[PDB]
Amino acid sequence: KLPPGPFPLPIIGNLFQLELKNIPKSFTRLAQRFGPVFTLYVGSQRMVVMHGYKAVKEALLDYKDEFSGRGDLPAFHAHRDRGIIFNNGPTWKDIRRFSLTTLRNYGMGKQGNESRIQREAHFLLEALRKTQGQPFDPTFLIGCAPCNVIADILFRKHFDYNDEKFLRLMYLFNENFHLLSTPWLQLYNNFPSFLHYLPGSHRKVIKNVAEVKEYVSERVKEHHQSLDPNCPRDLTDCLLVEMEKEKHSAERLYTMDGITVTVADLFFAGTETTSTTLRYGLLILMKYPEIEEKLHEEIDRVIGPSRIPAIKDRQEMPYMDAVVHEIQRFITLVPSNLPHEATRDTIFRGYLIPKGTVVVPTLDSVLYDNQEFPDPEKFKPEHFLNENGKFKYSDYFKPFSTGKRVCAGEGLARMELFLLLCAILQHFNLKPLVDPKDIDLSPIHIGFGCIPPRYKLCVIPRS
């Protein structure tokens, strides 16, 4: 017996019960009608949506084994069943297992990411300085930092904030996230064979995915050409090393394609997600001026004017620590989560979930619990502060999801936001170009991710 659901039309299924512009909003209205677990047929496909903390958690942590599958995202067939993000493949477990070790290896003990992030701050602040308190779009300035840090681990490379290619990768990272959040792409996601060869912006999305693979494609070969196993420069090498080690083995768990993808997945997950979060925060901060002033006091007090931020200071900085969370909690960046598939026929609660069913654990439903985070719509740092002004942890804070497939880099991301935000304000004040009262923090698009509005701003030195 399948989970409860709406009746489905022939061919199109349950598409009338969905607003492509706000799929998440749609799930939520459905949750009311049918509760926490419900069945939906979108196009041909069958999916189950879990809404709410209790339900979403069970699936994620209780059927970690049962639900480790990954739904199909067509714009991304070019990466499918390869790399780590997109495989419902047998190669996923190990590639994921290994990439993590390597990702972790670089971050904790090579002095770590902190060293890496800290050095980037120097560049970031410089570029910001170069603006000289005049209005600019932060999209391609701010984002440089997340991308470079990522670049080092992956390719031990370091772009200048001005080379064309760098910006292009970025421009492409932005364009895809943007497109992936719009109505046409949502339909394409579920009616691909149908729509694929018609003109659409689905085509631009696909081209970029390719340009990005190709750029990453070459850098891998470049790595091979110069590859010294004895000393491995970066994540990409370690990947090579592993491949050669197992070459005369007949059945392969690494291919060049496989590495290029895996590297790509990390390249933009690693880049775009953080840049978007950073950009949203600056806008949020500009709306509530008083929250910024409060922050500013702690940094100066705790860290001083010059000393660069470092994580030892998080314990000592309760308002930042909270602000950093609430931004993640408030913006609900990947709301419908990233899709899961049921590995084997499974029973959830009382229901049967078939193999190949698409299981959705929806974060935005978790992060807006109106019981956990009262006035969930509102940005309040005191969501994460207790009455004594100290930080308060929440089991409900899952921007990165949880379980078997939890975002691969929950650490880099978190560390980046704090140190990076924490720097920005050490040294600058943010000035909006319009009255603060007039900002709209609502996302412009909602699909894969929730996309913030375009804005320009001025940053005013503090020296």
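Heads up, when I say rigid core I mean the largest set of C-alphas that superpose within 1.5 Å between the two forms. In case it trips you up, residue 1 is the first one in the sequence shown, and so on.
Core-superposed in 5 other deposited structures of this protein, which stretch deviates more in Cα positions, 248 to 256 or 263 to 271?
Looking at 248 to 256 versus 263 to 271 in 5 other deposited structures of this protein, the farther one turns out to be 248 to 256.
Establish whether the other compared PDB entries of this protein leave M108 unmodelled at least a third of the time.
Missing in at least a third of the others, so yes.
Taking only the CA atoms, which stretch has the higher mean B-factor in the record, 75 to 83 or 279 to 287?
Looking at the recorded C-alpha B-factors, 75 to 83 comes out higher on average.
For the stretches 214 to 222 and 243 to 251, which has the higher mean C-alpha B-factor as given in the deposited record?
If you average the C-alpha B-factors of 214 to 222 and of 243 to 251, the larger mean comes out for 243 to 251.
Candidate set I206, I311, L179, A322 [ranked by C-alpha B-factor, highest]
Reading the PDB entry, the winner on C-alpha B-factor is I311.
For the CA B factor values reported in this entry, which option in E175, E372, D375, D94 has the top one?
Highest C-alpha B-factor among the listed residues goes to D94.
For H196, does the deposited CA B-factor place it in the lowest, middle or highest third of the chain?
Its C-alpha B-factor belongs to the middle third of this chain's values.
Chain-relative CA temperature factor third for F268:
Answer is middle: the recorded C-alpha B-factor places it there.
Consider only the C-alpha atoms of the modelled residues in this chain, order them by B-factor as the entry records it, and name the third containing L421: lowest, middle or highest.
Middle third by C-alpha B-factor.
Would you mind ranking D300 by its C-alpha B-factor against the rest of the chain and naming the third, lowest, middle or highest?
CA B-factor rank for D300: highest third.
B-factor third for the C-alpha atom of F391 within its chain:
Its C-alpha B-factor, which the entry lists for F391, ranks in the middle third among residues of this chain.
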